[PDB]
Amino acid sequence: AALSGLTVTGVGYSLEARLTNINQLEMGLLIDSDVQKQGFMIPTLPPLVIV
Amino acid sequence: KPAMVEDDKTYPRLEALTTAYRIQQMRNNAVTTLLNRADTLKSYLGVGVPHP
């Protein structure tokens, strides 16, 4: 009763292949270095007095 | 050739290149030249006619 009427047909597929570029031809992840320069300055402060 | 792999199947040795060179120069072109010379003589002189 449960399987009464079911029909199953195969539709398509997808294929997984790599391109083995023995001569090499491909982009990729570049790696470089950068530098951030930052400075920190010191001020003066209001004085204490004795008279 | 892919120039990071050496081969002997995707590349037959230099002997194959030399063989192709020798056959091309010796047989086909020479036969073509001979037949074209024959046809040229046919066209220019006719048959059985000796020119001065």
# chains A, B, ... in the order shown; residues from 1 in each chain; ligands from 1
$ interface_residues --of "chain A" --to "chain B" --cutoff "10 Å" --atoms "only C-alpha atoms" --output "PyMOL selection string"
chain A and resi 21-24
$ select_by_dssp --residues "chain B" --states "helix (DSSP H, G or I)" --output "ChimeraX atom specification"
/B:14-45
$ atom_distance --atom1 "CA of residue 6 in chain B" --atom2 "CA of residue 20 in chain A"
16.4 Å
